[PDB]
Amino acid sequence: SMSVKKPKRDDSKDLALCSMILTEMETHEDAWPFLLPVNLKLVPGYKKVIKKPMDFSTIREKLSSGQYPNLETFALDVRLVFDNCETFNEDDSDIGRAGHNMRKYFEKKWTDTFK
């Protein structure tokens, strides 16, 4: 509360460490469904159904331009990528499996780096 604060966590490396995680997600072989924004002209249903599209290129540009105020907003956009994928794709499809795999990969790196 006012004039009453928990000890200050060192957050000076968060930006660098989120960039490294993101690099590792970008270079995973199952990243291909997530690298670029879904083409809303060419994929029927996507525009109407997925209210907040998100992809790795968009996260990279937000990251690079100071549009994440903290590491929780970064994680929210990563998770959004996978939540969108689950909304639109059957579990038993290449893309569906890609999204489960990438989410697992992310969550491990996130835990190991920050928890």
# chains A, B, ... in the order shown; residues from 1 in each chain; ligands from 1
call {"tool": "residues_around", "arguments": {"residues": "residue 33 in chain A", "least_positions_apart": "5", "cutoff": "10 Å", "atoms": "only C-alpha atoms", "output": "list in words"}}
result
residues 38, 55, 56, 81, 85, 94, 95, 96, 98 and 99 of chain A
call {"tool": "residues_around", "arguments": {"residues": "residue 11 in chain A", "least_positions_apart": "3", "cutoff": "10 Å", "atoms": "only C-alpha atoms", "output": "MDAnalysis selection string"}}
result
chainID A and resid 8 14:15 70:71
call {"tool": "residues_around", "arguments": {"residues": "range 105-111 of chain A", "least_positions_apart": "4", "cutoff": "9 Å", "atoms": "only C-alpha atoms", "output": "number ranges by chain"}}
result
A: 18, 21-22, 24-25, 75, 78-79, 100-101, 115
call {"tool": "residues_around", "arguments": {"residues": "residue 62 in chain A", "least_positions_apart": "5", "cutoff": "10 Å", "atoms": "only C-alpha atoms", "output": "PyMOL selection string"}}
result
chain A and resi 56-57+67-68+74+77
call {"tool": "atom_distance", "arguments": {"atom1": "CA of residue 30 in chain A", "atom2": "CA of residue 97 in chain A"}}
result
8.8 Å
call {"tool": "closest_residue", "arguments": {"among": "A:54, A:49, A:114, A:65", "to": "residue 88 in chain A", "atoms": "only C-alpha atoms"}}
result
A:49
call {"tool": "select_by_dssp", "arguments": {"residues": "chain A", "states": "alpha helix (DSSP H)", "output": "PDB file with N, CA, C and O atoms, in the first residue's frame"}}
result
ATOM      1  N   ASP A  14      14.519  -8.672 -17.987  1.00  0.00           N
ATOM      2  CA  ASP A  14      13.269  -9.320 -18.465  1.00  0.00           C
ATOM      3  C   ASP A  14      13.164  -9.209 -19.993  1.00  0.00           C
ATOM      4  O   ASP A  14      12.720 -10.166 -20.673  1.00  0.00           O
ATOM      5  N   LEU A  15      13.409  -8.017 -20.515  1.00  0.00           N
ATOM      6  CA  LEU A  15      13.290  -7.738 -21.953  1.00  0.00           C
ATOM      7  C   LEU A  15      14.184  -8.666 -22.774  1.00  0.00           C
ATOM      8  O   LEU A  15      13.739  -9.386 -23.710  1.00  0.00           O
ATOM      9  N   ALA A  16      15.442  -8.742 -22.383  1.00  0.00           N
ATOM     10  CA  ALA A  16      16.368  -9.664 -22.991  1.00  0.00           C
ATOM     11  C   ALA A  16      15.992 -11.093 -22.887  1.00  0.00           C
ATOM     12  O   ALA A  16      16.173 -11.873 -23.853  1.00  0.00           O
ATOM     13  N   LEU A  17      15.545 -11.504 -21.721  1.00  0.00           N
ATOM     14  CA  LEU A  17      15.175 -12.887 -21.525  1.00  0.00           C
ATOM     15  C   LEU A  17      13.851 -13.288 -22.329  1.00  0.00           C
ATOM     16  O   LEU A  17      13.789 -14.380 -22.897  1.00  0.00           O
ATOM     17  N   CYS A  18      12.852 -12.409 -22.321  1.00  0.00           N
ATOM     18  CA  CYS A  18      11.650 -12.620 -23.206  1.00  0.00           C
ATOM     19  C   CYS A  18      12.038 -12.729 -24.702  1.00  0.00           C
ATOM     20  O   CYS A  18      11.530 -13.615 -25.445  1.00  0.00           O
ATOM     21  N   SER A  19      12.991 -11.879 -25.137  1.00  0.00           N
ATOM     22  CA  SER A  19      13.520 -11.963 -26.520  1.00  0.00           C
ATOM     23  C   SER A  19      14.165 -13.306 -26.829  1.00  0.00           C
ATOM     24  O   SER A  19      13.944 -13.885 -27.881  1.00  0.00           O
ATOM     25  N   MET A  20      14.926 -13.846 -25.875  1.00  0.00           N
ATOM     26  CA  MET A  20      15.564 -15.118 -26.033  1.00  0.00           C
ATOM     27  C   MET A  20      14.563 -16.246 -26.096  1.00  0.00           C
ATOM     28  O   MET A  20      14.686 -17.138 -26.919  1.00  0.00           O
ATOM     29  N   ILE A  21      13.590 -16.221 -25.210  1.00  0.00           N
ATOM     30  CA  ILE A  21      12.499 -17.208 -25.268  1.00  0.00           C
ATOM     31  C   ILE A  21      11.811 -17.177 -26.646  1.00  0.00           C
ATOM     32  O   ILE A  21      11.558 -18.219 -27.248  1.00  0.00           O
ATOM     33  N   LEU A  22      11.495 -15.989 -27.079  1.00  0.00           N
ATOM     34  CA  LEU A  22      10.772 -15.774 -28.303  1.00  0.00           C
ATOM     35  C   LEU A  22      11.590 -16.282 -29.459  1.00  0.00           C
ATOM     36  O   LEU A  22      11.051 -16.977 -30.314  1.00  0.00           O
ATOM     37  N   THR A  23      12.931 -16.052 -29.430  1.00  0.00           N
ATOM     38  CA  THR A  23      13.843 -16.619 -30.451  1.00  0.00           C
ATOM     39  C   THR A  23      13.775 -18.122 -30.508  1.00  0.00           C
ATOM     40  O   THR A  23      13.665 -18.716 -31.609  1.00  0.00           O
ATOM     41  N   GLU A  24      13.733 -18.761 -29.347  1.00  0.00           N
ATOM     42  CA  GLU A  24      13.660 -20.163 -29.249  1.00  0.00           C
ATOM     43  C   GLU A  24      12.304 -20.699 -29.788  1.00  0.00           C
ATOM     44  O   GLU A  24      12.259 -21.726 -30.422  1.00  0.00           O
ATOM     45  N   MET A  25      11.241 -19.953 -29.551  1.00  0.00           N
ATOM     46  CA  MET A  25       9.904 -20.309 -30.113  1.00  0.00           C
ATOM     47  C   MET A  25       9.919 -20.124 -31.655  1.00  0.00           C
ATOM     48  O   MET A  25       9.511 -21.050 -32.378  1.00  0.00           O
ATOM     49  N   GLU A  26      10.444 -19.013 -32.151  1.00  0.00           N
ATOM     50  CA  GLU A  26      10.569 -18.762 -33.569  1.00  0.00           C
ATOM     51  C   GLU A  26      11.331 -19.819 -34.361  1.00  0.00           C
ATOM     52  O   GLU A  26      10.998 -20.070 -35.508  1.00  0.00           O
ATOM     53  N   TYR A  46     -12.053 -17.176 -39.934  1.00  0.00           N
ATOM     54  CA  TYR A  46     -11.012 -16.756 -38.910  1.00  0.00           C
ATOM     55  C   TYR A  46     -11.273 -15.413 -38.344  1.00  0.00           C
ATOM     56  O   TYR A  46     -11.306 -15.208 -37.095  1.00  0.00           O
ATOM     57  N   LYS A  47     -11.593 -14.484 -39.271  1.00  0.00           N
ATOM     58  CA  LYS A  47     -11.853 -13.092 -38.865  1.00  0.00           C
ATOM     59  C   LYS A  47     -12.999 -12.999 -37.855  1.00  0.00           C
ATOM     60  O   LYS A  47     -12.921 -12.328 -36.824  1.00  0.00           O
ATOM     61  N   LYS A  48     -14.100 -13.693 -38.152  1.00  0.00           N
ATOM     62  CA  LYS A  48     -15.304 -13.622 -37.259  1.00  0.00           C
ATOM     63  C   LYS A  48     -15.150 -14.337 -35.939  1.00  0.00           C
ATOM     64  O   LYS A  48     -15.715 -13.978 -34.870  1.00  0.00           O
ATOM     65  N   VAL A  49     -14.493 -15.481 -36.020  1.00  0.00           N
ATOM     66  CA  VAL A  49     -14.400 -16.336 -34.861  1.00  0.00           C
ATOM     67  C   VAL A  49     -13.324 -15.896 -33.865  1.00  0.00           C
ATOM     68  O   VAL A  49     -13.542 -15.970 -32.658  1.00  0.00           O
ATOM     69  N   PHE A  56       3.712 -14.848 -33.749  1.00  0.00           N
ATOM     70  CA  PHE A  56       5.056 -14.575 -33.230  1.00  0.00           C
ATOM     71  C   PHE A  56       5.655 -13.292 -33.813  1.00  0.00           C
ATOM     72  O   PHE A  56       6.320 -12.563 -33.073  1.00  0.00           O
ATOM     73  N   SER A  57       5.398 -12.999 -35.105  1.00  0.00           N
ATOM     74  CA  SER A  57       5.947 -11.781 -35.742  1.00  0.00           C
ATOM     75  C   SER A  57       5.403 -10.499 -35.073  1.00  0.00           C
ATOM     76  O   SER A  57       6.169  -9.550 -34.845  1.00  0.00           O
ATOM     77  N   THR A  58       4.139 -10.517 -34.727  1.00  0.00           N
ATOM     78  CA  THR A  58       3.426  -9.468 -34.055  1.00  0.00           C
ATOM     79  C   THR A  58       3.930  -9.308 -32.604  1.00  0.00           C
ATOM     80  O   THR A  58       4.268  -8.195 -32.172  1.00  0.00           O
ATOM     81  N   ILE A  59       4.173 -10.416 -31.929  1.00  0.00           N
ATOM     82  CA  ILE A  59       4.763 -10.360 -30.595  1.00  0.00           C
ATOM     83  C   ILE A  59       6.178  -9.781 -30.709  1.00  0.00           C
ATOM     84  O   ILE A  59       6.562  -8.948 -29.840  1.00  0.00           O
ATOM     85  N   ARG A  60       6.947 -10.211 -31.722  1.00  0.00           N
ATOM     86  CA  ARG A  60       8.319  -9.716 -31.883  1.00  0.00           C
ATOM     87  C   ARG A  60       8.339  -8.192 -32.114  1.00  0.00           C
ATOM     88  O   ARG A  60       9.134  -7.452 -31.485  1.00  0.00           O
ATOM     89  N   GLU A  61       7.437  -7.702 -32.932  1.00  0.00           N
ATOM     90  CA  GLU A  61       7.373  -6.269 -33.230  1.00  0.00           C
ATOM     91  C   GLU A  61       6.926  -5.471 -31.955  1.00  0.00           C
ATOM     92  O   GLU A  61       7.462  -4.368 -31.675  1.00  0.00           O
ATOM     93  N   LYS A  62       5.909  -5.966 -31.229  1.00  0.00           N
ATOM     94  CA  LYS A  62       5.497  -5.355 -29.975  1.00  0.00           C
ATOM     95  C   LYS A  62       6.673  -5.328 -28.971  1.00  0.00           C
ATOM     96  O   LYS A  62       6.945  -4.305 -28.266  1.00  0.00           O
ATOM     97  N   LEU A  63       7.368  -6.440 -28.872  1.00  0.00           N
ATOM     98  CA  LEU A  63       8.511  -6.550 -27.946  1.00  0.00           C
ATOM     99  C   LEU A  63       9.614  -5.524 -28.269  1.00  0.00           C
ATOM    100  O   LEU A  63      10.100  -4.819 -27.392  1.00  0.00           O
ATOM    101  N   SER A  64       9.993  -5.490 -29.532  1.00  0.00           N
ATOM    102  CA  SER A  64      10.990  -4.594 -30.050  1.00  0.00           C
ATOM    103  C   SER A  64      10.664  -3.109 -29.958  1.00  0.00           C
ATOM    104  O   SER A  64      11.603  -2.292 -30.137  1.00  0.00           O
ATOM    105  N   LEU A  71       6.372  -8.474 -17.978  1.00  0.00           N
ATOM    106  CA  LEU A  71       6.486  -9.841 -18.536  1.00  0.00           C
ATOM    107  C   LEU A  71       5.103 -10.567 -18.545  1.00  0.00           C
ATOM    108  O   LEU A  71       4.887 -11.426 -19.409  1.00  0.00           O
ATOM    109  N   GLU A  72       4.132 -10.196 -17.701  1.00  0.00           N
ATOM    110  CA  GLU A  72       2.814 -10.790 -17.759  1.00  0.00           C
ATOM    111  C   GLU A  72       2.025 -10.467 -19.052  1.00  0.00           C
ATOM    112  O   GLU A  72       1.337 -11.337 -19.592  1.00  0.00           O
ATOM    113  N   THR A  73       2.185  -9.256 -19.582  1.00  0.00           N
ATOM    114  CA  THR A  73       1.507  -8.907 -20.795  1.00  0.00           C
ATOM    115  C   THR A  73       2.152  -9.687 -21.958  1.00  0.00           C
ATOM    116  O   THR A  73       1.449 -10.010 -22.883  1.00  0.00           O
ATOM    117  N   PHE A  74       3.461  -9.946 -21.897  1.00  0.00           N
ATOM    118  CA  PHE A  74       4.144 -10.730 -22.902  1.00  0.00           C
ATOM    119  C   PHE A  74       3.585 -12.144 -22.907  1.00  0.00           C
ATOM    120  O   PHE A  74       3.176 -12.647 -23.954  1.00  0.00           O
ATOM    121  N   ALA A  75       3.565 -12.762 -21.731  1.00  0.00           N
ATOM    122  CA  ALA A  75       3.027 -14.157 -21.608  1.00  0.00           C
ATOM    123  C   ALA A  75       1.582 -14.277 -22.082  1.00  0.00           C
ATOM    124  O   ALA A  75       1.200 -15.297 -22.679  1.00  0.00           O
ATOM    125  N   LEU A  76       0.752 -13.275 -21.776  1.00  0.00           N
ATOM    126  CA  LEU A  76      -0.637 -13.240 -22.232  1.00  0.00           C
ATOM    127  C   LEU A  76      -0.769 -13.338 -23.788  1.00  0.00           C
ATOM    128  O   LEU A  76      -1.610 -14.062 -24.305  1.00  0.00           O
ATOM    129  N   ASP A  77       0.063 -12.602 -24.525  1.00  0.00           N
ATOM    130  CA  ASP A  77       0.055 -12.655 -25.974  1.00  0.00           C
ATOM    131  C   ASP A  77       0.589 -13.992 -26.510  1.00  0.00           C
ATOM    132  O   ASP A  77       0.034 -14.517 -27.447  1.00  0.00           O
ATOM    133  N   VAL A  78       1.623 -14.557 -25.873  1.00  0.00           N
ATOM    134  CA  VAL A  78       2.098 -15.876 -26.289  1.00  0.00           C
ATOM    135  C   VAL A  78       0.944 -16.898 -26.123  1.00  0.00           C
ATOM    136  O   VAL A  78       0.661 -17.698 -27.004  1.00  0.00           O
ATOM    137  N   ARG A  79       0.344 -16.898 -24.933  1.00  0.00           N
ATOM    138  CA  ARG A  79      -0.711 -17.874 -24.613  1.00  0.00           C
ATOM    139  C   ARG A  79      -1.906 -17.691 -25.557  1.00  0.00           C
ATOM    140  O   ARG A  79      -2.475 -18.687 -26.000  1.00  0.00           O
ATOM    141  N   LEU A  80      -2.223 -16.449 -25.896  1.00  0.00           N
ATOM    142  CA  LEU A  80      -3.263 -16.114 -26.866  1.00  0.00           C
ATOM    143  C   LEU A  80      -3.057 -16.812 -28.191  1.00  0.00           C
ATOM    144  O   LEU A  80      -4.015 -17.300 -28.797  1.00  0.00           O
ATOM    145  N   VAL A  81      -1.795 -16.897 -28.652  1.00  0.00           N
ATOM    146  CA  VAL A  81      -1.465 -17.587 -29.861  1.00  0.00           C
ATOM    147  C   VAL A  81      -2.002 -19.058 -29.765  1.00  0.00           C
ATOM    148  O   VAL A  81      -2.595 -19.584 -30.720  1.00  0.00           O
ATOM    149  N   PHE A  82      -1.720 -19.698 -28.644  1.00  0.00           N
ATOM    150  CA  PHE A  82      -2.110 -21.106 -28.479  1.00  0.00           C
ATOM    151  C   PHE A  82      -3.553 -21.330 -28.186  1.00  0.00           C
ATOM    152  O   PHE A  82      -4.129 -22.323 -28.678  1.00  0.00           O
ATOM    153  N   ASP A  83      -4.167 -20.418 -27.462  1.00  0.00           N
ATOM    154  CA  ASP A  83      -5.591 -20.406 -27.248  1.00  0.00           C
ATOM    155  C   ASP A  83      -6.389 -20.187 -28.501  1.00  0.00           C
ATOM    156  O   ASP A  83      -7.354 -20.920 -28.739  1.00  0.00           O
ATOM    157  N   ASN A  84      -5.929 -19.294 -29.370  1.00  0.00           N
ATOM    158  CA  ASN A  84      -6.525 -19.160 -30.708  1.00  0.00           C
ATOM    159  C   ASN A  84      -6.412 -20.434 -31.516  1.00  0.00           C
ATOM    160  O   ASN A  84      -7.390 -20.861 -32.195  1.00  0.00           O
ATOM    161  N   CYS A  85      -5.236 -21.028 -31.485  1.00  0.00           N
ATOM    162  CA  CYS A  85      -5.000 -22.273 -32.243  1.00  0.00           C
ATOM    163  C   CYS A  85      -5.987 -23.361 -31.761  1.00  0.00           C
ATOM    164  O   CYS A  85      -6.554 -24.091 -32.591  1.00  0.00           O
ATOM    165  N   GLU A  86      -6.151 -23.509 -30.437  1.00  0.00           N
ATOM    166  CA  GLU A  86      -7.107 -24.500 -29.926  1.00  0.00           C
ATOM    167  C   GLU A  86      -8.561 -24.208 -30.305  1.00  0.00           C
ATOM    168  O   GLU A  86      -9.349 -25.128 -30.577  1.00  0.00           O
ATOM    169  N   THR A  87      -8.914 -22.939 -30.321  1.00  0.00           N
ATOM    170  CA  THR A  87     -10.248 -22.528 -30.772  1.00  0.00           C
ATOM    171  C   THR A  87     -10.550 -22.936 -32.223  1.00  0.00           C
ATOM    172  O   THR A  87     -11.685 -23.308 -32.547  1.00  0.00           O
ATOM    173  N   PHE A  88      -9.577 -22.825 -33.109  1.00  0.00           N
ATOM    174  CA  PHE A  88      -9.796 -22.995 -34.508  1.00  0.00           C
ATOM    175  C   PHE A  88      -9.429 -24.357 -35.073  1.00  0.00           C
ATOM    176  O   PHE A  88      -9.781 -24.636 -36.241  1.00  0.00           O
ATOM    177  N   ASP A  94      -2.351 -31.530 -37.780  1.00  0.00           N
ATOM    178  CA  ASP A  94      -0.973 -31.094 -37.629  1.00  0.00           C
ATOM    179  C   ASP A  94      -0.874 -29.775 -36.847  1.00  0.00           C
ATOM    180  O   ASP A  94      -0.037 -29.643 -35.958  1.00  0.00           O
ATOM    181  N   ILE A  95      -1.711 -28.817 -37.210  1.00  0.00           N
ATOM    182  CA  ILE A  95      -1.679 -27.498 -36.558  1.00  0.00           C
ATOM    183  C   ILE A  95      -2.081 -27.594 -35.112  1.00  0.00           C
ATOM    184  O   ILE A  95      -1.422 -26.989 -34.241  1.00  0.00           O
ATOM    185  N   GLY A  96      -3.127 -28.380 -34.818  1.00  0.00           N
ATOM    186  CA  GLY A  96      -3.605 -28.591 -33.477  1.00  0.00           C
ATOM    187  C   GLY A  96      -2.485 -29.163 -32.567  1.00  0.00           C
ATOM    188  O   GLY A  96      -2.257 -28.672 -31.425  1.00  0.00           O
ATOM    189  N   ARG A  97      -1.764 -30.145 -33.072  1.00  0.00           N
ATOM    190  CA  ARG A  97      -0.655 -30.785 -32.340  1.00  0.00           C
ATOM    191  C   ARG A  97       0.528 -29.808 -32.178  1.00  0.00           C
ATOM    192  O   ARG A  97       1.158 -29.760 -31.126  1.00  0.00           O
ATOM    193  N   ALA A  98       0.804 -29.054 -33.254  1.00  0.00           N
ATOM    194  CA  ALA A  98       1.814 -27.982 -33.225  1.00  0.00           C
ATOM    195  C   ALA A  98       1.547 -27.053 -32.084  1.00  0.00           C
ATOM    196  O   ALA A  98       2.486 -26.704 -31.310  1.00  0.00           O
ATOM    197  N   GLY A  99       0.300 -26.628 -31.935  1.00  0.00           N
ATOM    198  CA  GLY A  99      -0.010 -25.680 -30.869  1.00  0.00           C
ATOM    199  C   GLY A  99       0.133 -26.206 -29.463  1.00  0.00           C
ATOM    200  O   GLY A  99       0.674 -25.541 -28.563  1.00  0.00           O
ATOM    201  N   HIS A 100      -0.276 -27.457 -29.258  1.00  0.00           N
ATOM    202  CA  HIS A 100      -0.011 -28.098 -27.958  1.00  0.00           C
ATOM    203  C   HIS A 100       1.443 -28.223 -27.655  1.00  0.00           C
ATOM    204  O   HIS A 100       1.852 -27.945 -26.530  1.00  0.00           O
ATOM    205  N   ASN A 101       2.253 -28.638 -28.638  1.00  0.00           N
ATOM    206  CA  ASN A 101       3.684 -28.791 -28.475  1.00  0.00           C
ATOM    207  C   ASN A 101       4.363 -27.465 -28.114  1.00  0.00           C
ATOM    208  O   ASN A 101       5.204 -27.364 -27.205  1.00  0.00           O
ATOM    209  N   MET A 102       4.001 -26.416 -28.849  1.00  0.00           N
ATOM    210  CA  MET A 102       4.615 -25.094 -28.646  1.00  0.00           C
ATOM    211  C   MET A 102       4.215 -24.520 -27.290  1.00  0.00           C
ATOM    212  O   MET A 102       5.023 -23.853 -26.650  1.00  0.00           O
ATOM    213  N   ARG A 103       3.001 -24.735 -26.855  1.00  0.00           N
ATOM    214  CA  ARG A 103       2.576 -24.250 -25.576  1.00  0.00           C
ATOM    215  C   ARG A 103       3.404 -24.892 -24.450  1.00  0.00           C
ATOM    216  O   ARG A 103       3.888 -24.196 -23.526  1.00  0.00           O
ATOM    217  N   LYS A 104       3.520 -26.221 -24.529  1.00  0.00           N
ATOM    218  CA  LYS A 104       4.406 -26.947 -23.599  1.00  0.00           C
ATOM    219  C   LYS A 104       5.814 -26.426 -23.581  1.00  0.00           C
ATOM    220  O   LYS A 104       6.386 -26.182 -22.496  1.00  0.00           O
ATOM    221  N   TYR A 105       6.423 -26.221 -24.761  1.00  0.00           N
ATOM    222  CA  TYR A 105       7.734 -25.717 -24.894  1.00  0.00           C
ATOM    223  C   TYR A 105       7.873 -24.357 -24.216  1.00  0.00           C
ATOM    224  O   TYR A 105       8.863 -24.090 -23.493  1.00  0.00           O
ATOM    225  N   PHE A 106       6.920 -23.458 -24.520  1.00  0.00           N
ATOM    226  CA  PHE A 106       6.898 -22.142 -23.923  1.00  0.00           C
ATOM    227  C   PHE A 106       6.815 -22.191 -22.374  1.00  0.00           C
ATOM    228  O   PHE A 106       7.640 -21.530 -21.716  1.00  0.00           O
ATOM    229  N   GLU A 107       5.884 -22.971 -21.842  1.00  0.00           N
ATOM    230  CA  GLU A 107       5.591 -22.931 -20.447  1.00  0.00           C
ATOM    231  C   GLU A 107       6.777 -23.421 -19.622  1.00  0.00           C
ATOM    232  O   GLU A 107       7.037 -22.864 -18.514  1.00  0.00           O
ATOM    233  N   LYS A 108       7.510 -24.395 -20.163  1.00  0.00           N
ATOM    234  CA  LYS A 108       8.727 -24.875 -19.523  1.00  0.00           C
ATOM    235  C   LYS A 108       9.786 -23.775 -19.468  1.00  0.00           C
ATOM    236  O   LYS A 108      10.368 -23.529 -18.390  1.00  0.00           O
ATOM    237  N   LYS A 109      10.064 -23.136 -20.608  1.00  0.00           N
ATOM    238  CA  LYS A 109      11.027 -22.056 -20.638  1.00  0.00           C
ATOM    239  C   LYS A 109      10.628 -20.932 -19.730  1.00  0.00           C
ATOM    240  O   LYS A 109      11.521 -20.246 -19.165  1.00  0.00           O
ATOM    241  N   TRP A 110       9.337 -20.647 -19.654  1.00  0.00           N
ATOM    242  CA  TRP A 110       8.838 -19.558 -18.838  1.00  0.00           C
ATOM    243  C   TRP A 110       9.102 -19.839 -17.317  1.00  0.00           C
ATOM    244  O   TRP A 110       9.586 -18.989 -16.611  1.00  0.00           O
ATOM    245  N   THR A 111       8.722 -21.025 -16.876  1.00  0.00           N
ATOM    246  CA  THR A 111       8.937 -21.516 -15.534  1.00  0.00           C
ATOM    247  C   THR A 111      10.409 -21.548 -15.186  1.00  0.00           C
ATOM    248  O   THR A 111      10.780 -21.014 -14.125  1.00  0.00           O
ATOM    249  N   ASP A 112      11.235 -22.141 -16.038  1.00  0.00           N
ATOM    250  CA  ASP A 112      12.656 -22.219 -15.790  1.00  0.00           C
ATOM    251  C   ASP A 112      13.357 -20.879 -15.762  1.00  0.00           C
ATOM    252  O   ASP A 112      14.351 -20.751 -15.063  1.00  0.00           O
ATOM    253  N   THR A 113      12.894 -19.895 -16.545  1.00  0.00           N
ATOM    254  CA  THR A 113      13.559 -18.621 -16.612  1.00  0.00           C
ATOM    255  C   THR A 113      13.113 -17.713 -15.467  1.00  0.00           C
ATOM    256  O   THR A 113      13.919 -16.962 -14.953  1.00  0.00           O
ATOM    257  N   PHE A 114      11.840 -17.744 -15.108  1.00  0.00           N
ATOM    258  CA  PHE A 114      11.235 -16.746 -14.229  1.00  0.00           C
ATOM    259  C   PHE A 114      10.655 -17.271 -12.877  1.00  0.00           C
ATOM    260  O   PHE A 114      10.453 -16.454 -11.993  1.00  0.00           O
TER     261      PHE A 114
END
call {"tool": "atom_distance", "arguments": {"atom1": "CA of residue 29 in chain A", "atom2": "CA of residue 41 in chain A"}}
result
25.9 Å
